[PDB]
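Here the structure is laid out as structure tokens; the discussion comes afterwards.
What follows is calculated from the coordinates using simple rules that are stated; it is not laboratory data. With ideal geometry, Cβ positions are generated from the backbone for all residues, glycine too; neighbour counts draw on all protein chains shown.
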Amino acid sequence: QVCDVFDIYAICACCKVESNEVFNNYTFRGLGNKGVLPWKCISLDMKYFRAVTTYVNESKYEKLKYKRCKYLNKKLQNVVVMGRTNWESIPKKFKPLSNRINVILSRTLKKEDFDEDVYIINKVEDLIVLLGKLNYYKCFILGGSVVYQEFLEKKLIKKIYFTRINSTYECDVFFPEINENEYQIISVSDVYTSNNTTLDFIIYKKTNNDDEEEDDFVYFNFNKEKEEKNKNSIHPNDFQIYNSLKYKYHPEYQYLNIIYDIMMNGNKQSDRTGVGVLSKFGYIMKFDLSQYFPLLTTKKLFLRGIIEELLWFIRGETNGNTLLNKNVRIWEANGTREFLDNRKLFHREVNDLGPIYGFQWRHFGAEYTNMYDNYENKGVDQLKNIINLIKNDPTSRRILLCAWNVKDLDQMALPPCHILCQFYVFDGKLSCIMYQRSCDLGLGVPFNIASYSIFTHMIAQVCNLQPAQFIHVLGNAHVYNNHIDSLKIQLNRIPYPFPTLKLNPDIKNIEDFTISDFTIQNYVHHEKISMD
Amino acid sequence: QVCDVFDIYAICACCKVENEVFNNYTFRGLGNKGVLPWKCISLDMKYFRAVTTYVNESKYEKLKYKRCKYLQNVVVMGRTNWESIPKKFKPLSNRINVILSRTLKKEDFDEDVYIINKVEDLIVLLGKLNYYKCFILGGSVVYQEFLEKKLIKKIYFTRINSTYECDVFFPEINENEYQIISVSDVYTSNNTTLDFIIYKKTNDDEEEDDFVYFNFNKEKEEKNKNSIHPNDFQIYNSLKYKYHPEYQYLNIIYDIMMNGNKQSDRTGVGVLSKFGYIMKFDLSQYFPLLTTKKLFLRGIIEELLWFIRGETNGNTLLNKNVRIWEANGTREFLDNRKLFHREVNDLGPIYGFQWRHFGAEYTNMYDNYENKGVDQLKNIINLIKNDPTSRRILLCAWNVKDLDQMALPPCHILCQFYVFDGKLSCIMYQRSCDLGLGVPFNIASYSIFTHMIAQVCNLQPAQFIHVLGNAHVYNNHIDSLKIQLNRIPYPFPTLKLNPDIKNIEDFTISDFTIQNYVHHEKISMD
Ligand SMILES: NC(=O)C1=CN([C@@H]2O[C@H](COP(=O)(O)OP(=O)(O)OC[C@H]3O[C@@H](n4cnc5c(N)ncnc54)[C@@H](OP(=O)(O)O)[C@@H]3O)[C@@H](O)[C@H]2O)C=CC1
Ligand SMILES: NC(=O)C1=CN([C@@H]2O[C@H](COP(=O)(O)OP(=O)(O)OC[C@H]3O[C@@H](n4cnc5c(N)ncnc54)[C@H](OP(=O)(O)O)[C@@H]3O)[C@@H](O)[C@H]2O)C=CC1
Ligand SMILES: CC1(C)N=C(N)N=C(N)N1OCC(=O)Nc1ccc(Cl)cc1
Ligand SMILES: CC1(C)N=C(N)N=C(N)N1OCC(=O)Nc1ccc(Cl)cc1
């Protein structure tokens, strides 16, 4: 129709508005307040805004001239169209919008009332005529709310370039509720931090409810696994949403895409119990903790439990009773009479988990007795040592913390899943590799990502550094077969911008953290899923 | 010129022919007693089908509008090439068959199978035909003539990394004339390694803009991140497709030269460092022994046999002239380690001790430790054989209790093993990686190790996976690595273990053969 010929796109930025909370895309709808934007500066958004609304491709115009000239029977700049309130919100120093053909919709104002190089129009109709008579690359509709509403209603927008600002502000004007039959998300950017907020960038698309070295590629693929003998042929129709997306650049796709590779290419193995998994061997995920806290959004996660577990580690505790009194059941099943007995630990008290994480972190090499013993200045205090190496020998390549004490494996309730952490220091920034031997992608890994990201924050802080990358190496990476249905639901959910973690900044010692020193801000998440 | 207008490509496979310098000319064996030198290499024969038959009609109009202004492919043989084909397929599964000959007239074959008089009489035949591209199938004389008359554009060169008896040879491709632009993955077919290379003759997109927008933040407007120049990675940056597994190593060198953090180390030499890489090599298809420089494996095999024995006695190696642990056992080094009461070349409770006796009290390097501490090596073998789905098959050398007693903490933290469908894969996590000197030896060490465990458990080796923690290039290695990045790998050699060996403790140095190691010349990394 008219939207494809004239390439009329919309670009906006929406925050959450003043309102056990449910989240949909309508969560991000706040456009402005008291004639201006709800927020002071979000520079990264503003820079995106300029890059998109001023970018042209010289060479591509020729074919757009042809297309548009054909329909009418007949430096390069983009057009930008804005309501009069929007235009008035711009500071003088930036009027008219640089390196762009500015247009303004208005009834109360005519050319005579503007000093500046701008086209005025009183009709949506008048714009289409204007574009007909103009050389431009792309036409972007800048808002505000009234301009957005009518260009949508009139089926005129090809794509909505949409910034999710993952914070809340007082708002008096809102973006229109986008009909999900009309527009579908096809792209989601990396998540980022700017002016103390996370944000990403998503592109909604409308529906209708030297080519010599391109042949060389087809050749170097003469030996590929065809569509039929691709191990577990699970049905396309199931992952419709996941496969529709053109760009999957949200860091959560790092987890999601491993679920997919295991489902589509995983080896079928019956395991330790006689259950059933799909397994592969050797993955890596990287998460930029300076830009976001990678708590998964495609389902709900609570961190109270796993933060209690991490504080329990740092204290050197092996006593399951301490966590159960905090109503944290993460270790309950590994602590039962039935379980300790089946691990041949007949002479071990219930909930006495033996020389596990905590004990190995503060006392590696000390003889484990029972969970009540005072092990002070017994065994190597690994945690203290790596905090000292990071502080005094930051370039050291021996800042490992290790839980896999070979000597004590059979005395633990079960060997550590999370084998070791290596630390790395450059330019006052701390990164952390964690090697995981056995990873339940379905229940375990979401939490495992959350635990070591929080741990990197804690170490970084008490060493006067800034968290950089948390790097997660998976050994045996497996999906339980009864999790498959639940994971299908999950792969078809589109990630939201990650939240942020705040550490009480008065904590200067690794031991001095307590629950209330941990605040997750702006967790926007899909609905709880039982993997069972 | 003719060869770009008409699209004349050669397509050859060359094996090796009966110390030794290597270069591309190494590969030239074309045929023997009128047939191919080798019995059957079905992957190359499959590659041959695909490349010659493939057609893309949506790029033929662009060809049609250039060709005139001057659907199948044209395939050009020579009698003895046309002849040597077994009967039951002629013509070749739907291609425009064509034969250069002198004493063969176009009468006594069909009405599709166009014969030609001379080389100059083919340009005639093409201008009057409807074909995608033109493939010279060889053999010796055909290639010679078609190359001599600068008719060939690209060359689809299959490198057969095994030696055979040959009576005919591809010509020495002039490397100021032609040059390699693509190299494929390395493969095993019919008990040889091979790869596929390409010589070129020298000189909705709504979604394509969406790509550019998503890149709006990048720290690359061209500001020289590290003092490493463009024109120096010329050959490296002048390749389109770099799918040879050795590029996994080479691309880490590149990433760390381009984007690495400038750092002091203990020695003070200066490094570029990054943090967290994976490499995967397919042990079922090759032995990943770097080809872009000479590597020797006797020492590192003795090192491994020393580990398996449980030894911590640096002298057992020194008497075999394996000097890998010489520096780490000197009086001066042990003293800087605060190991004042440790005998020279007593390396303390390192790899071998930990693998065989983890948890045992280390005394000196001559004590008897029989049946003390945990014999992890024994334990992961039983687990592999008796519980292969176990996710607990780790061999860990990093013993926190004993670190300070070791000449140095293990560079190689742990091996984790994985078993599926009678196949064994291994991950080695390396806390600290010297990419220039160390890592190439480290890849070879644990690949061999992966084979040894595989064999004694009656499994086929699959993947060796190398996780690098602190990945550093020494500032004083950068010249050498610049020379190295602009070399093009050869197809990898293979490891043959003496099959009689069935327990991990029974391998001697004799039980290890490296085969078809075709390599560039030695580099002093200094
Ligand atoms: N490895 C590879 O990539 C390939 C190589 N081969 C091997 O190559 C070997 C053959 O090598 P080679 O002896 O050179 O055979 P060729 O394939 O070069 O065949 C030579 C024949 O082609 C004709 N011919 C040669 N020169 C001309 C010319 N200038 N104009 C017209 N016709 C010409 C015949 O003339 P005349 O009529 O007088 O006989 C001549 O006998 C075999 O062992 C074969 O298996 C096989 C296929 C490809
Ligand atoms: N967060 C974001 O992405 C963006 C934020 N905003 C914010 O939105 C607010 C402004 O939006 P809003 O108040 O809805 O107003 P608009 O910016 O949409 O301005 C509407 C006005 O434009 C004129 N107009 C609009 N449509 C027509 C038409 N079809 N024909 C003629 N004149 C027309 C009229 O001007 P007149 O009164 O002269 O008749 C009308 O009152 C501000 O707070 C601004 O900062 C705006 C853009 C982007
Ligand atoms: C900049 C902003 C809020 N972000 C996106 N993604 N898309 C928009 N429409 N934005 O508003 C731009 C606009 O129309 N107004 C505006 C306000 C101030 C200045 Cl300096 C420039 C433009
Ligand atoms: C098969 C071979 C050696 N490999 C490549 N890459 N390309 C060639 N030119 N090859 O030779 C094929 C050919 O021309 N002759 C031939 C020989 C046997 C049979 Cl079955 C079919 C064709």
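If you filter the stretch B:115-164 down to residues that are β-branched (V, I, T) and within 31 Å of the chain's Cα centre (by Cα), you find that the one that is farthest from ligand 1 (Cβ to nearest atom) is B:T163. With respect to being closer than 28 Å to B:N23 by Cα and not acidic (D, E), B:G438 fits the description.
Screening A:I433, A:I471, A:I510 for residues that are more than 13 Å from every other protein chain (Cβ to nearest Cβ) and of a type in the set (A, V, I, L, M) leaves exactly one candidate, A:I510. Scanning the stretch A:64-96 for residues that are within 16 Å of ligand 3 (Cβ to nearest atom) and more than 39 Å from the chain's Cα centre (by Cα) yields nothing.
In this structure, B:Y418 does satisfy being touching a strand residue (DSSP E or B) at 6+ places or on another chain (Cβ under 8 Å), over 23 Å from B:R298 (Cα atoms) and surrounded by 20 or more Cβ atoms within 10 Å (Cβ to Cβ). For the stretch B:15-53, taking the residues that are of a type outside the set (A, V, I, L, M, F, W, C) and within 14 Å of chain A (Cβ to nearest Cβ), the one that is nearest to ligand 1 (Cβ to nearest atom) is identified as B:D44.
Summed over the stretch B:196-236, residues that are within 10 Å of chain A (Cβ to nearest Cβ) and within 16 Å of ligand 1 (Cβ to nearest atom) total 2. Of the listed requirements (1) over 24 Å from A:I449 (Cβ atoms); (2) outside any helix (DSSP H, G or I), A:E338 misses just one: (2).
Just one of the listed residues (A:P91, A:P176, A:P96) is in contact with a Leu (Cβ under 6 Å, 6 or more places away or on another chain) and either more than 30 Å from A:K70 (Cβ to Cβ) or within 16 Å of ligand 1 (Cβ to nearest atom) (or both), and it is A:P176. One residue stands out in the stretch A:100-117 among those that are surrounded by 10 or more Cβ atoms within 10 Å (Cβ to Cβ) and away from ligand 2 (no atom under 13 Å from the Cβ): the one that is nearest to the other protein chains (Cβ to nearest Cβ), namely A:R100.
Might you check whether a residue that is surrounded by 16 or more Cβ atoms within 10 Å (Cβ to Cβ) and within 16 Å of ligand 4 (Cβ to nearest atom) occurs anywhere in the stretch B:198-221? Within the stretch B:198-221, one or more residues are surrounded by 16 or more Cβ atoms within 10 Å (Cβ to Cβ) and within 16 Å of ligand 4 (Cβ to nearest atom).
Just the residues that are more than 10 Å from every other protein chain (Cβ to nearest Cβ) and not charged (D, E, K, R), please, taken from the stretch B:375-409.
If the condition is that a residue be more than 10 Å from every other protein chain (Cβ to nearest Cβ) and not charged (D, E, K, R), then B:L377, B:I380, B:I381, B:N382, B:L383, B:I384, B:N386, B:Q405, B:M406, B:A407 are the ones that fit.
Can you tell me which of (1) part of a strand (DSSP E or B); (2) buried (at least 17 other Cβ atoms within 10 Å of the Cβ) is the one A:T519 doesn't meet? The number of the failed condition is (2). Just so you know, in the stretch B:255-273 the residues that are in a helix (DSSP H, G or I) and buried (at least 20 other Cβ atoms within 10 Å of the Cβ) include one that is nearest to the other protein chains (Cβ to nearest Cβ), and it is B:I256. The residues of the stretch A:261-300 that are out of contact with any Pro (no Cβ under 6 Å at 6 or more places or on another chain) and of a type in the set (A, V, I, L, M), listed by number, are A:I262, A:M263, A:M264, A:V275, A:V277, A:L278, A:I284, A:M285. Residue count for the stretch A:352-369 satisfying the condition of being farther than 14 Å from A:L414 by Cβ and part of a loop (DSSP other than H, G, I, E, B): 5. Could you tell me which of the residues A:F313, A:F239 is more than 30 Å from A:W361 (Cβ to Cβ), more than 14 Å from chain B (Cβ to nearest Cβ) and over 18 Å from the mean Cα position of the chain (by Cα)? Result of the check over A:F313, A:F239: A:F239. Any residue in the stretch B:425-443 that is part of a loop (DSSP other than H, G, I, E, B) and closer than 24 Å to A:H472 by Cβ? The answer is yes; a qualifying residue exists. Within the stretch A:179-195, the set of residues being in contact with a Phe, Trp or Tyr (Cβ under 6 Å, 6 or more places away or on another chain) and within 10 Å of chain B (Cβ to nearest Cβ) comprises A:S187, A:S189, A:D190. For the stretch A:390-406, taking the residues that are among the charged types (D, E, K, R) and within 18 Å of B:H472 (Cα to Cα), the one that is farthest from the chain's Cα centre (by Cα) is identified as A:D393.
Report, by residue number, each residue of the stretch A:192-210 that is in a loop (DSSP other than H, G, I, E, B) and within 16 Å of ligand 3 (Cβ to nearest atom). Result: A:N195, single match. Inclusion of B:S42 among residues that are of a type in the set (G, A, S), more than 32 Å from the chain's Cα centre (by Cα) and within 16 Å of ligand 4 (Cβ to nearest atom) is not warranted.
Residues in the stretch A:118-145 that are within 13 Å of ligand 2 (Cβ to nearest atom) and more than 26 Å from B:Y213 (Cβ to Cβ): A:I120, A:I121, A:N122, A:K123, A:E125, A:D126.
Of the residues B:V419, B:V439, B:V456, the single one that is within 13 Å of chain A (Cβ to nearest Cβ) and among the aliphatic types (A, V, I, L, M) is B:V419. Residues in the stretch B:363-379 that are on the phi < 0 side of the Ramachandran plot and touching a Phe, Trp or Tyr at 6+ places or on another chain (Cβ under 6 Å): B:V374, B:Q376, B:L377.
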